[PDB]
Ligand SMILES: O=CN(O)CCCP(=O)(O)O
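One chain is shown next in structure tokens, namely the form deposited without this ligand.
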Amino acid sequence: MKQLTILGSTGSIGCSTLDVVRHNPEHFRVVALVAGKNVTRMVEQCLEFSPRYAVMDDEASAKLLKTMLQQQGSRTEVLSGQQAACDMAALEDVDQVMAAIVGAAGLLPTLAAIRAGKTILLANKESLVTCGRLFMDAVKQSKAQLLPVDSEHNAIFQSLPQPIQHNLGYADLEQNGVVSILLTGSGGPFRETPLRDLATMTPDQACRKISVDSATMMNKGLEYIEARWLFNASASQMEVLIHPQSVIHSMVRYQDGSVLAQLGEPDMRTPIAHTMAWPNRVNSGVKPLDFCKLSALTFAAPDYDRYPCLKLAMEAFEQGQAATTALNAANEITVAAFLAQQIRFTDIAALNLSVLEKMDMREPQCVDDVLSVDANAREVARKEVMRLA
């Protein structure tokens, strides 16, 4: 009977998890829930699963919720603030912790779950891009079990050998017959748009923020950074590959030539159920992949001239977490600029490049250091945007 704490229970990943806990009440139980300001959906969840605790971003949302729960007669104790969350991630009787809260708001709570040696269902890939060294070091000491929920990373994990799975982040690929890890990506919507046509591409053509990252492939570059930390992989053990149909979520290449891959519907309940029942399986309610109703599957090598963000990310890794933390921040600024129609589509990569170019510093050593680089990065970015508008 696995008892958990969900960090970010109101967003989509948070609800999908609850979907799995719903149809598998014999395997899971929710002890605590942590959300931001959506008191509404929280009450709903506090009434269904009735955990022991519930945490909100502030006292306002907490007082409001507390009251609504009073009316329904929910025994659920309500708390608020960042510390509360971390205390929920570290709860003594909690087995697994779904880290679904993204952004800086998720760092401490996730790190706390790690330092307590809990099984971590990592649904906030972001963190490894900024706190890669810290988190991975903290895993080593506490021996916490990281379990990537992200679709591509969930697939790489399902394709790795057992001894590497039970010692994620601090295991030798090489020594276990792993030659390299194959990170796959659709290639974005401008995959075939002739080069001298990217500058004219508009937001409507790229169709929220991820779409853009998919278009520039900054998204794959970030997953590139996350992978190297998560699986302790060198640049020579990584492969980025374009796969448009996206049936194959990602693959792993072995010494004897075998390649292992994970396929399935795009539904997030599959990779979410996988990590929750590991090393076993449960029903996620996801539709069985129909191999007869699929687009032919194809592959192609990414072109750096078409995807400058991939190169930048790969270079930023060799430059340190200061560079990755800054590459991430700046990107959120330029992308946003692109959507508000303040820069050309092609300026995303150019401005993300400048920020880094014009940014000296030193490797962080803790969350606060990371937040500091993030702050400067955005600044230098906002300033760069203006320099073009």
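For the two forms, the rigid core is made up of the largest set of C-alpha atoms that agree within 1.5 Å on superposition. Heads up: residue numbers just count along the shown sequence, starting at 1.
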Quick one: core-superposed, which stretch strays further from the shown model in 8 other deposited structures of this protein, 50-58 or 335-343? Go by RMS C-alpha distance.
335-343
Which segment is farther from the shown form on average in 8 other deposited structures of this protein after a rigid core fit, 366-374 or 14-22, going by CA atoms?
366-374
Residues with no coordinates between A235 and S236, taken from the deposited sequence as a class:
none
Return whichever of 300-308 and 241-249 has the greater mean Cα B factor according to the PDB record.
300-308
Mean Cα B-factor comparison, 97-105 or 72-80, giving the higher one as deposited:
72-80
So among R269, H153, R281, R208, who wins on Cα B-factor in the entry?
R208
Please place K125 in the lowest, middle or highest third of its chain according to the CA B-factor in the PDB entry.
highest
Name the third of the chain's ranked CA B-factors that contains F135, choosing lowest, middle or highest.
middle
Quick check for you: using the entry's CA B-factors within this chain, is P163 in the lowest, middle or highest third?
middle
Splitting the chain's C-alpha B-factors into thirds, which one does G185 fall into?
middle
In terms of the CA temperature factor given in the entry, to which third of its chain does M359 belong: lowest, middle or highest?
highest
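If you look for the form deposited with this ligand bound, you will not find it shown, but the lines that follow are about it.
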Is the binding site on this chain open or blocked for this ligand after its pose in the entry with it bound is superimposed by the nearby C-alphas, counting blocked as 3 or more ligand atoms within 2.4 Å of backbone or C-beta?
open
This ligand in the entry with it bound has a heavy atom of only one listed residue within 4.5 Å, and of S151, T275, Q96, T76 that residue is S151
Of 112-120, 220-228, 196-204, 132-140, which is the one stretch near this ligand in the entry with it bound, taking non-hydrogen atoms within 4.5 angstroms as near?
220-228
Is it the case that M268, even though its partner is missing from this view, gets within 4.5 Å of this ligand in the entry with it bound, heavy atoms only?
yes
In the entry with it bound, does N167 come within 4.5 Å of this ligand, counting heavy atoms only?
no
This ligand contact at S214 in the entry with it bound, heavy atom, 4.5 Å:
yes
Would you check, heavy atoms only and a 4.5 Å threshold, whether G185 touches this ligand in the entry with it bound?
yes
